[PDB]
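Here the structure is laid out as structure tokens; the discussion comes afterwards.
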Amino acid sequence: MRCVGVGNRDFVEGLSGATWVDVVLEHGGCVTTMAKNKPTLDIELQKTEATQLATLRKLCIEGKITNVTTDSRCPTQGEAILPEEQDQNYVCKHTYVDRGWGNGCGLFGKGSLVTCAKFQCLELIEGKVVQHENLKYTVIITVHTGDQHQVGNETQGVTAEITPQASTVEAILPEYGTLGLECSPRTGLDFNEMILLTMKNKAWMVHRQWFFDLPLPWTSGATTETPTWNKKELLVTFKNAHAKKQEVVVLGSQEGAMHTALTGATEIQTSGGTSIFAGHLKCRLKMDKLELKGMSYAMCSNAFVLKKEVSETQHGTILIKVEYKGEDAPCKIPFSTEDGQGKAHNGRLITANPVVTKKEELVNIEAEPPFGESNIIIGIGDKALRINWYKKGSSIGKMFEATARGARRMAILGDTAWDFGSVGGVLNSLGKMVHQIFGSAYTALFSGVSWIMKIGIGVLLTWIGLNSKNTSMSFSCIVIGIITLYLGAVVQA
Amino acid sequence: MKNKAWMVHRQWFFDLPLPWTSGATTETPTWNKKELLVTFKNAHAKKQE
Amino acid sequence: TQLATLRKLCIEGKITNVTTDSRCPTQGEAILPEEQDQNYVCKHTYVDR
Amino acid sequence: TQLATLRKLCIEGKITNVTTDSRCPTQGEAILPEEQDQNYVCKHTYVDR
Amino acid sequence: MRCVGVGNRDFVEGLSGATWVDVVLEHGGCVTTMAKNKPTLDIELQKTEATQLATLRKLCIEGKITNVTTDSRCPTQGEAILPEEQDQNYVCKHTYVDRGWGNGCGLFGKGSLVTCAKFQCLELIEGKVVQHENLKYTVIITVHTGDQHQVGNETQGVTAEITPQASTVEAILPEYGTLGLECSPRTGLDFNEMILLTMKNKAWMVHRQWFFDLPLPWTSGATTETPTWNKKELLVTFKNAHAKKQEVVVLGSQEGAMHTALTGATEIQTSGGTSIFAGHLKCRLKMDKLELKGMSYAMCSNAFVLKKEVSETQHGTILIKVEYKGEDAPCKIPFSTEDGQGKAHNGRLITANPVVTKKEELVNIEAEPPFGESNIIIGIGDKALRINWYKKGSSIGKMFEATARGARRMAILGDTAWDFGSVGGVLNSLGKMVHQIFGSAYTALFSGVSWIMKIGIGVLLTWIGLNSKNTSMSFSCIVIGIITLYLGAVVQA
Amino acid sequence: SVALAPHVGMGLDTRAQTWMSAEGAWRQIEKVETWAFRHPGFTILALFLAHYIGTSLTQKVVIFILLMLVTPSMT
Amino acid sequence: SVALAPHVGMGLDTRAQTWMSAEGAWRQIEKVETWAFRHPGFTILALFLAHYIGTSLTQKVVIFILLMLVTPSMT
Amino acid sequence: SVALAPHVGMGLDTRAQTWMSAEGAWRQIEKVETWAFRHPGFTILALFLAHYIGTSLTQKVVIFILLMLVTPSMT
Amino acid sequence: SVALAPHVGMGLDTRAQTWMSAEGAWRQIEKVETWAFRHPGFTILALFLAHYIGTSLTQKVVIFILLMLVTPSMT
Amino acid sequence: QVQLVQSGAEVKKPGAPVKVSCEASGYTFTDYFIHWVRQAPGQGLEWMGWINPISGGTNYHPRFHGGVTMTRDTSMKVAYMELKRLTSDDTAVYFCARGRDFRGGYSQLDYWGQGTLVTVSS
Ligand SMILES: *[C@@H]1O[C@H](CO)[C@@H](O[C@@H]2O[C@H](CO)[C@@H](O[C@@H]3O[C@H](CO)[C@@H](O)[C@H](O)[C@@H]3O)[C@H](O)[C@H]2NC(C)=O)[C@H](O)[C@H]1NC(C)=O
Ligand SMILES: *[C@@H]1O[C@H](CO)[C@@H](O[C@@H]2O[C@H](CO)[C@@H](O)[C@H](O)[C@H]2NC(C)=O)[C@H](O)[C@H]1NC(C)=O
Ligand SMILES: *[C@@H]1O[C@H](CO)[C@@H](O[C@@H]2O[C@H](CO)[C@@H](O)[C@H](O)[C@H]2NC(C)=O)[C@H](O)[C@H]1NC(C)=O
Ligand SMILES: *[C@@H]1O[C@H](CO)[C@@H](O[C@@H]2O[C@H](CO)[C@@H](O)[C@H](O)[C@H]2NC(C)=O)[C@H](O)[C@H]1NC(C)=O
Ligand SMILES: *[C@@H]1O[C@H](CO)[C@@H](O[C@@H]2O[C@H](CO)[C@@H](O)[C@H](O)[C@H]2NC(C)=O)[C@H](O)[C@H]1NC(C)=O
């Protein structure tokens, strides 16, 4: 939705051939696609919502206990039995207590005792898996037209629905042609192995095999009037006291403990129909049909005026707000970036065709300036408005920043990050394959390791590598330890 | 607790990650270390809830 | 016979009167007038503007 | 021109009211109703009694 | 019992051959002195109450610049002179400014100008010396009779005033005789080397040289009109604006910087007299003519009943508040202790002679029980009130606490800390002399070292003593280093 | 959280059964077993780390057991 | 209990902040530090065990750290 | 006077609490720490200076610590 | 306080004379000299420390200068 | 009730010191200034100095510095003032006013005295 200053905009430039670029869309941040002689676009995945949810298992968190019973036997006579043990509603445990002539038993010793009490859960947690083919990926696509109001405006764009039923969708941009989206909704987040529990008005996305390993009593989740709770012994606690009688009490509301146990699990919106944020999509952008607006217009013959001071985005990109004081309203904005002490055209536009649409309307021109001091000219002739700017940093700075950004992208996305901005490529595909193999091998080893334990194992691996005489083993241990330290320091985003 | 008391060693009840009070039977208490209950989610680093 | 309450932790919590102040990136830390109020609990975060 | 003031700083001050309340050993901390106010500054200290 | 539960009291027991014990009386905490046949009595120093202060000099914290007059002479000529330079009410500075034809001078070049500003300084600090001739001391002495509402009562006592003129006094206790105080205020504190500086309503004790070395204008204190200041430029800054002219600006109020510069100084009182607190002196307690309260009193024959829960003070001394239920009013309480069904009588009795004065007023006794469980008996027959106390602790722990207390005393007090419980011993005197020599040599070395720099120097010195082959100095360096670690961890009381 | 610091190992031991003695005696062992059986891959990594640090078999076993216990519990 | 098995280390990592990421990142470290500072006696026992099993200094340090981490966490 | 010369080094001391002891105890170290955080390059410069003058680790460490204590304080 | 952290060394130098340049140029040196003059014994102590920590003459003089500079400013 | 009452009308010849006084009562003397304002016959009001009786510091007007002296004498709560060498020109009525300590209260004066008029003639 035309995000500028989001800090995660991830510029993507270039086209492989047949005019398409492969990009990966994530909830946090955009992608900015600026090809030659095509309108630039600031695309992102806005929200993913599951239309219909199937409840698979429902644990419970609170519990009320009623109808406490108790049967006892003399020591030698064996195990005590209540008729209500076979009732699935009741939960109970056998204990051994001492009996005697004061307890009514004729023979001294330790006698068996079982005390069965009713059980029902006041509140429940309601895990409900998502069918992977009832999703709805909503990609919002702005046009980056240089309008007056859209600088960071999050309500302006074109909406395209991406579902596994109809993945390829041509989003008709207004006056810019029809962009072609060939997407892959089936390879995002693997919702098959996720359960998406709901708690109470606060849902979360949880990995499938963990919700099956919660020490809470479950149900079938069959929307039945009277449920049959399994493993009810987890809530109710049976205290044998001084080994003379057994008393049963409920352990209490597990809401806080469950909230604690959900740390590291991405949250999710559940207002109205569920809407899954914090997801990624792999839409491939086919820009065959994207035309420009003003390719048929003329050049402006009059001057420009700055209406808001220029500012630098976190990614080094300047933004310019000019107003055209001239009579030929449909026009083009001449834009040359004069370098310091030389007229070298080193800075390039990020708005494909800076166009003034009306005399009254303002226009936002986005442009990447050179890393040095660089003037910028917005007009024609000697009365041309000249913006002076000093972008700070070095090209080595951008290289380091891009390397760190790509390392993070590979950390969250994994093998899929190799396909971000990947215009075709054959070496890139081989890198993706080898990364797939190594990432699967690493994920098998380091699954379920903590924030700090990953760093500890990485330090241990590095120390082992430094002190390994075998050159191959030493190099392997050092290399894997460094990346383990990185993953430990970036995990739990 | 609430109608269920326990005997706990002194130095552990002073080391519970829960917000305390003076215990002065005051009408309006002053909870200390309230950050243990409330959780601040920065979401996508664009707003805090 | 008689018990002296020494400290009282709390277990549940209700939250009301959510406020928020923001500053531009270079302008520094944001301040709410209600930070000095012991009743309120809050944390500073960095967001993009 | 058009400077935008921010982060006013106190180079002087005044105290006006000062209230004290102390409690006995193993009776917990000694809170005040003014502790929750946002204009009162105060510190806990132990005193032999 | 004016001093029971004061948190810093420390017992002195045992007298010399002439039934005298000397003691140092610090403001924080008292001294409870007991002997074999003398009544235990609380002695606490209260105030020093200096009078007739002479003011040496007056530092002044905020000034006012008036009558800014200037004179500029043409370049290649003598330096500018103003008549206000000779005046002692004015502050002036010489500088060089650029003078051309536009400034009026014939030939170009740097010209000299002066700006004499009339210094008038608003708020000032008065530094006052106290002479030993008029230094005072008030000492409250309380033989803690078994008396109702006397425990920790600061309002009850027999004051004794000890000034350098007639330092030796004799405090007439109302019933137990007359204690003698043959003391020396000369060695109590270095009031010759101190300055009392009074800012607004507050004041402090500061070292004389530190006060004289303060960067603040000062004038001799003679209560004269329109005083002449010295070193005025400490509150006047002259700024040369691009070597064209200069202006005079007074700095401002040095109150906050002065309060920060006073960290480490001990605060004092000013309202209602000087009344310096935080002092200390050394008394020699002459208990020759003290007598107990009727050693020949007939022993009580009726039982005693408790009236307040027995509470253990910080130092482990029990407090028993009993009411006598008999008719023979003047009698001496029968007190005895046991331990594990054995009358060990290891429990001592601080209150020397527990006599019931009136039989209507309840009487309270302070006793020191043994470290084990002990049963305390306050009667003669089977009507005897029996108190059992369990005193948690160990004798080794008691020894460690006493050693730590003694070290803390040897840190607050220097060579004079060896006379706290001295009975004029031979070993104690030799220890005092050797500590005097070593402490003089040490504090000569570390005079002025801060709180953290002392710790750093100590750890460096112990590391040096650990790596020196010459053990003759390795041991010395390690000992000095540990002493300095302790002093750094104790300083800034 | 609060549950992460159970009141176990303290000096107050009496005759009466403690609160959830039977349930709380084996919860740590059960959670360690569940994590280990749900993440079998980490077993070989723990073996690898133990084998390249333990010179003797006793040190190998000690390090392997400690790594097996610590990682689920730090989770 | 439930809190003893946090949803950390699983394969679901995204851009958005997880539930109690900031709070839950350091809870284990904080509880280990609190237990260690409240039971200083066990430090010397851990040192003793590490010293009589670690032939080399690296093994000593590894065993000592593992013992320091495991015992509060098994509590 | 100026705060540059506080009355902390004089030998005179007593039982009573000194003026602004609580703040002045750690004021200097807080200033040194905040200066070090503000300007981290001088850490590298002091490392280089200590490494090119200190033959022994004791010499290098003492020079580094003194140099990192002087610059924030002598400013 | 605030006076202990002066605005010295911040990269905002210009041609115009700064506020209190003349005084603040030498306040620190005056403080060091007056402290080293009012407390002569620390000169002996610093000489001892430099002699017993400084192998070479340059290391000795560097240590001595740093010791005589840090202590007046750490007061 | 808080009020300031002067010493009373005084007359002296040129070249003779005069000691105009100002009584203070009803409030804490040490917590407020005495701003000692002046007013010539049928002329504009002219402030000429205030003193802080908690400390005794004096902030004279530049015109009157050295020519006048002011003493607090907090024992009797009486803010005295003296003129070193009274001249024929300096004939006026000298009010004493109460002001607050802080900056906002430097220039606010409440509970003025009636004013000791000093006539100077030969
Ligand atoms: C320092 O500067 C002040 C002014 O800021 C000087 O005060 C001045 O004092 C003279 C004293 O004779 C005043 O002159 C008189 O003026 C009145 C005006 O009506 C006139 O009637 C008298 O006959 C006499 O000429 C002068 O006005 C006054 N300046 C003012 C009030 O702005 C002060 O003298 C200076 N200090 C010195 C020079 O030592
Ligand atoms: C379980 O306990 C409840 C109440 O504790 C029992 O409810 C009783 O129900 C009968 C008729 O169904 C009433 O006449 C009684 O008054 C109820 N008891 C009350 C209200 O205390 C119930 O019978 C018990 N057993 C089962 C199997 O539910
Ligand atoms: C974002 O875009 C919308 C629509 O383009 C802007 O809403 C317009 O606002 C202007 C003036 O602010 C009005 O004249 C239009 O009528 C609005 N159009 C609508 C509501 O459809 C909006 O101002 C832009 N900016 C923000 C921050 O939302
Ligand atoms: C906190 O929120 C409450 C409600 O959310 C506010 O209560 C309002 O109180 C005023 C009068 O006190 C009523 O007129 C409003 O109708 C209330 N708002 C409601 C009911 O939504 C309260 O003012 C807020 N602030 C504080 C400091 O409590
Ligand atoms: C704090 O002190 C001020 C005065 O120092 C108190 O103000 C009082 O206010 C009431 C009316 O609100 C007046 O009737 C009193 O005369 C005032 N006191 C004095 C000494 O004049 C104030 O009540 C105190 N407490 C608070 C919370 O401000």
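Naming works like this for the structure tokens: A, B, ... for the chains as they're shown, residue 1 at the start of each chain, ligands 1 onward in shown order.
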
Selection as an NGL selection string: residues within 12 Å of ligand 1 by only C-alpha atoms and all ligand atoms: (:E and (64-69 or 83-84 or 87 or 89-90 or 116-120)) or (:J and (39-41 or 43-48 or 60-67 or 87-91))

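Copy-to-copy comparison places chain H at a Cα RMSD of 0.8 Å from chain I, following a least-squares fit over all residues.
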
Do you know which residues are at most 7 Å from residue B:49 counting only C-alpha atoms, after dropping those on the same chain fewer than 3 positions away, and could you put them as a tab-separated table (two decimals) with C-alpha atoms, in the first residue's frame?
chain	number	residue	atom	x	y	z
B	40	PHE	CA	3.72	-4.97	25.38
B	41	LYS	CA	3.59	-6.22	21.79
B	42	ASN	CA	5.24	-3.95	19.23

I need the residues in chain I that are alpha helix (DSSP H) according to DSSP; give them as a VMD selection string. chain I and resid 21 to 38 41 to 51 57 to 73

Can I get the selected residues back with N, CA and C atoms, as a compact mmCIF listing (two decimals), in the first residue's frame?
# COMPACT_ATOMS: atom_id res chain seq x y z
N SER I 21 35.57 29.39 26.57
CA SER I 21 36.72 28.68 26.04
C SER I 21 37.95 28.89 26.91
N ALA I 22 38.23 30.14 27.30
CA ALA I 22 39.45 30.44 28.03
C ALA I 22 39.48 29.72 29.38
N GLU I 23 38.37 29.75 30.12
CA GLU I 23 38.35 29.10 31.42
C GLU I 23 38.32 27.59 31.28
N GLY I 24 37.45 27.07 30.42
CA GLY I 24 37.26 25.63 30.34
C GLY I 24 38.41 24.93 29.65
N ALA I 25 39.30 25.70 29.01
CA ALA I 25 40.50 25.11 28.44
C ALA I 25 41.42 24.58 29.53
N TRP I 26 41.45 25.25 30.68
CA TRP I 26 42.43 24.96 31.71
C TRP I 26 41.83 24.61 33.06
N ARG I 27 40.49 24.57 33.18
CA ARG I 27 39.91 24.17 34.47
C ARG I 27 40.37 22.79 34.89
N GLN I 28 40.41 21.84 33.95
CA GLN I 28 40.79 20.47 34.28
C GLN I 28 42.24 20.40 34.75
N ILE I 29 43.14 21.07 34.04
CA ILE I 29 44.54 21.06 34.43
C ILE I 29 44.73 21.74 35.79
N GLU I 30 44.00 22.83 36.03
CA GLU I 30 44.09 23.48 37.34
C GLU I 30 43.62 22.55 38.44
N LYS I 31 42.53 21.82 38.21
CA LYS I 31 42.05 20.86 39.20
C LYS I 31 43.10 19.79 39.48
N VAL I 32 43.70 19.25 38.42
CA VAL I 32 44.70 18.20 38.61
C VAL I 32 45.89 18.73 39.40
N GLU I 33 46.37 19.92 39.04
CA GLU I 33 47.53 20.49 39.74
C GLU I 33 47.21 20.77 41.20
N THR I 34 46.04 21.33 41.48
CA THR I 34 45.72 21.66 42.87
C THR I 34 45.52 20.39 43.69
N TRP I 35 44.98 19.33 43.09
CA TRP I 35 44.85 18.08 43.83
C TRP I 35 46.22 17.45 44.08
N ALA I 36 47.09 17.46 43.08
CA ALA I 36 48.43 16.90 43.23
C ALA I 36 49.31 17.73 44.15
N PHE I 37 48.95 18.99 44.39
CA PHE I 37 49.67 19.84 45.32
C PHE I 37 49.12 19.76 46.74
N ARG I 38 47.82 19.51 46.89
CA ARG I 38 47.26 19.41 48.24
C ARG I 38 47.40 18.01 48.81
N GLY I 41 51.40 12.97 49.09
CA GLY I 41 51.76 11.58 49.32
C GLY I 41 51.35 10.67 48.18
N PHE I 42 50.26 11.00 47.50
CA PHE I 42 49.85 10.18 46.37
C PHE I 42 50.88 10.22 45.25
N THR I 43 51.70 11.27 45.19
CA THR I 43 52.81 11.24 44.24
C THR I 43 53.76 10.10 44.56
N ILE I 44 54.08 9.91 45.85
CA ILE I 44 54.93 8.80 46.26
C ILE I 44 54.26 7.47 45.93
N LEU I 45 52.96 7.35 46.23
CA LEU I 45 52.27 6.10 45.95
C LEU I 45 52.25 5.79 44.45
N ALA I 46 51.99 6.79 43.62
CA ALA I 46 51.95 6.58 42.18
C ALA I 46 53.33 6.26 41.63
N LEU I 47 54.37 6.88 42.19
CA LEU I 47 55.73 6.51 41.80
C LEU I 47 56.01 5.05 42.13
N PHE I 48 55.59 4.59 43.31
CA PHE I 48 55.79 3.19 43.66
C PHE I 48 55.04 2.27 42.70
N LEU I 49 53.77 2.59 42.43
CA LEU I 49 52.98 1.74 41.54
C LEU I 49 53.57 1.71 40.13
N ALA I 50 54.00 2.86 39.62
CA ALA I 50 54.60 2.90 38.29
C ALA I 50 55.91 2.13 38.25
N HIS I 51 56.73 2.25 39.30
CA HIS I 51 58.00 1.53 39.34
C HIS I 51 57.78 0.03 39.37
N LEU I 57 61.13 2.47 30.92
CA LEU I 57 60.97 3.85 31.39
C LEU I 57 59.74 4.51 30.78
N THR I 58 59.48 4.26 29.49
CA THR I 58 58.29 4.84 28.87
C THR I 58 57.02 4.30 29.50
N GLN I 59 56.97 2.99 29.78
CA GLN I 59 55.82 2.43 30.47
C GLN I 59 55.68 3.00 31.87
N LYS I 60 56.81 3.18 32.56
CA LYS I 60 56.77 3.76 33.90
C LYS I 60 56.18 5.16 33.88
N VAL I 61 56.64 6.00 32.95
CA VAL I 61 56.16 7.38 32.92
C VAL I 61 54.71 7.44 32.47
N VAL I 62 54.31 6.56 31.54
CA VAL I 62 52.91 6.53 31.11
C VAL I 62 52.01 6.14 32.28
N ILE I 63 52.40 5.10 33.02
CA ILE I 63 51.60 4.67 34.17
C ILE I 63 51.54 5.77 35.22
N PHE I 64 52.68 6.42 35.49
CA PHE I 64 52.70 7.46 36.51
C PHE I 64 51.81 8.63 36.12
N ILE I 65 51.87 9.06 34.86
CA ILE I 65 51.03 10.17 34.41
C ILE I 65 49.56 9.79 34.46
N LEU I 66 49.22 8.58 34.01
CA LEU I 66 47.82 8.16 34.03
C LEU I 66 47.30 8.06 35.46
N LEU I 67 48.13 7.58 36.39
CA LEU I 67 47.71 7.51 37.78
C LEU I 67 47.53 8.89 38.38
N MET I 68 48.44 9.82 38.08
CA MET I 68 48.30 11.18 38.60
C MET I 68 47.22 11.98 37.89
N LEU I 69 46.68 11.47 36.78
CA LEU I 69 45.58 12.13 36.10
C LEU I 69 44.22 11.57 36.46
N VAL I 70 44.10 10.24 36.60
CA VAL I 70 42.80 9.64 36.84
C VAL I 70 42.30 9.95 38.25
N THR I 71 43.18 9.87 39.25
CA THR I 71 42.75 10.03 40.63
C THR I 71 42.20 11.42 40.94
N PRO I 72 42.84 12.53 40.54
CA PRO I 72 42.21 13.84 40.79
C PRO I 72 40.86 13.98 40.13
N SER I 73 40.67 13.36 38.97
CA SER I 73 39.42 13.46 38.24
C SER I 73 38.40 12.41 38.65

Counting only C-alpha atoms, which residues of chain E fall within 12 Å of chain D, and what is the closest atom pair for each with its distance in Å at one decimal, ordered by chain and rising number, as a Markdown table?
| residue | atom | partner | partner_atom | distance |
| --- | --- | --- | --- | --- |
| E:3 | CA | D:49 | CA | 11.4 |
| E:4 | CA | D:49 | CA | 10.0 |
| E:5 | CA | D:49 | CA | 7.0 |
| E:6 | CA | D:48 | CA | 6.8 |
| E:7 | CA | D:48 | CA | 6.3 |
| E:8 | CA | D:48 | CA | 9.8 |
| E:29 | CA | D:48 | CA | 11.8 |
| E:151 | CA | D:49 | CA | 11.4 |
| E:152 | CA | D:49 | CA | 9.2 |
| E:153 | CA | D:49 | CA | 11.9 |
| E:252 | CA | D:11 | CA | 11.7 |
| E:253 | CA | D:12 | CA | 10.4 |
| E:254 | CA | D:11 | CA | 11.5 |
| E:255 | CA | D:12 | CA | 9.7 |
| E:256 | CA | D:12 | CA | 8.4 |
| E:257 | CA | D:11 | CA | 11.1 |
| E:311 | CA | D:25 | CA | 11.8 |
| E:313 | CA | D:49 | CA | 9.7 |
| E:314 | CA | D:48 | CA | 9.0 |

Distance limit 7 Å, atoms considered: only C-alpha atoms. Which chain D residues sit that close to chain B? Return them as a PyMOL selection string. chain D and resi 28-31+36

Around ligand 4, at most 10 Å away and counting only C-alpha atoms and all ligand atoms, which residues are there? Put them as a list in words, please. residues 15, 16, 17, 18, 19 and 34 of chain C

Write the residues of the preceding selection, restricted to C-alpha atoms, as a CSV table (one decimal), in the first residue's frame.
chain,number,residue,atom,x,y,z
C,15,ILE,CA,-6.1,-2.8,32.3
C,16,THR,CA,-7.8,0.5,31.4
C,17,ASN,CA,-7.0,4.0,30.2
C,18,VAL,CA,-4.5,3.1,27.5
C,19,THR,CA,-2.5,6.2,26.4
C,34,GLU,CA,1.3,9.6,33.4

Give me, as a PyMOL selection string, the residues of chain B touching chain G, with the criterion being at most 10 Å (counting only C-alpha atoms). chain B and resi 11-12+15-17+35-36+38-45

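With only C-alpha atoms and all ligand atoms counted, the chains near ligand 3 contribute these residues within 7 Å: residues 149, 150, 153, 154, 155 and 156 of chain A.
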
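Taking stretch 374-421 of chain E and asking which residues DSSP calls strand (DSSP E) on the backbone, you get residues 374, 375, 376, 377, 386, 387, 388, 389 and 390 of chain E.
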
Can you list, as a VMD selection string, every protein, DNA or RNA residue that comes within 12 Å of residue J:49 when you count only C-alpha atoms, leaving out same-chain residues fewer than 2 positions away? (chain E and resid 122) or (chain J and resid 33 to 38 46 to 47 51 to 52 57 to 71 81 to 82 94 to 99 106 to 107)

Skipping near chain neighbours, those fewer than 6 positions away, what residues fall within 9 Å of residue A:168 using only C-alpha atoms, listed as a PyMOL selection string? chain A and resi 162+180-184+283

Can you spit out the residues from that selection as a CSV table (one decimal), in the first residue's frame, using N, CA and C atoms?
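What landed in part.csv:
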chain,number,residue,atom,x,y,z
A,162,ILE,N,-5.8,-13.8,-3.6
A,162,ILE,CA,-5.0,-15.0,-4.0
A,162,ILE,C,-5.4,-16.1,-3.1
A,180,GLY,N,0.3,-8.9,-13.9
A,180,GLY,CA,0.1,-10.4,-13.9
A,180,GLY,C,0.7,-11.0,-12.6
A,181,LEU,N,-0.1,-11.5,-11.8
A,181,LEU,CA,0.3,-12.2,-10.5
A,181,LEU,C,0.2,-13.7,-10.7
A,182,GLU,N,1.3,-14.4,-10.9
A,182,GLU,CA,1.4,-15.8,-10.8
A,182,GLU,C,1.9,-16.2,-9.4
A,183,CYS,N,1.0,-16.5,-8.5
A,183,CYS,CA,1.4,-16.7,-7.1
A,183,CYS,C,1.5,-18.2,-6.7
A,184,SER,N,1.9,-18.4,-5.5
A,184,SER,CA,2.1,-19.8,-5.0
A,184,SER,C,1.5,-19.8,-3.5
A,283,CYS,N,4.3,-14.6,-4.4
A,283,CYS,CA,3.7,-14.1,-5.7
A,283,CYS,C,4.8,-13.7,-6.6

I'd like the contact shell of residue D:35 - 9 Å cut-off, only C-alpha atoms, skipping same-chain residues fewer than 4 positions apart - returned as a count of residues only. 7
